[PDB]
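Next up: just one chain, as structure tokens, the form deposited without the DNA.
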């Protein structure tokens, strides 16, 4: 609680400004259908918000994973990065944010160390 700063709040915030038209924009704002225009940069934007460095979309989608079950966000039928905000911040603050507020930290830790340079500190081969 305290103050919502979850992924969906930030991404929805991007949807409220024409700056990010090349990053994300509304396809049907009333249906809450929105298109992620530049997923790499969208991930970077959210990384920026989450004080994270190298956030790729495949790396960001891990947070979205939960939203699919929370039926917050779905992928539109027969689309790429066309999604649907089934519910907005106001609706999501019904209670399911507790796992999300907890998860964002975790998803940012689940994967590799936001690797920029493929280094071998030990015989590994990282799951980039």
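Residue numbers count along the first chain shown, from 1.
Form solved in complex with the DNA: not shown, discussed below.
Asker: Verify the flagged residues 54, 59 and 66 against the DNA in the deposited bound form: is each one within 4.5 Å by a non-hydrogen atom?
Answerer: All three within 4.5 Å in the deposited bound form.
Asker: In the deposited bound form, does residue 93 have a heavy atom within 4.5 Å of the DNA?
Answerer: No.
Asker: I'd like to know if residue 41 sits close to the DNA in the deposited bound form, meaning any non-hydrogen atom pair within 4.5 angstroms.
Answerer: No - in the deposited bound form, heavy atoms of residue 41 and the DNA never come within 4.5 Å of each other.
Asker: Do residue 87 and the DNA share at least one heavy atom pair within 4.5 Å in the deposited bound form?
Answerer: No, residue 87 is distant from the partner.
Asker: Verify the contact flag for residue 34: yes if a non-hydrogen atom of it lies within 4.5 Å of a non-hydrogen atom of the DNA in the deposited bound form, no if not.
Answerer: Answer no; every heavy atom of residue 34 is more than 4.5 Å from the DNA in the deposited bound form.
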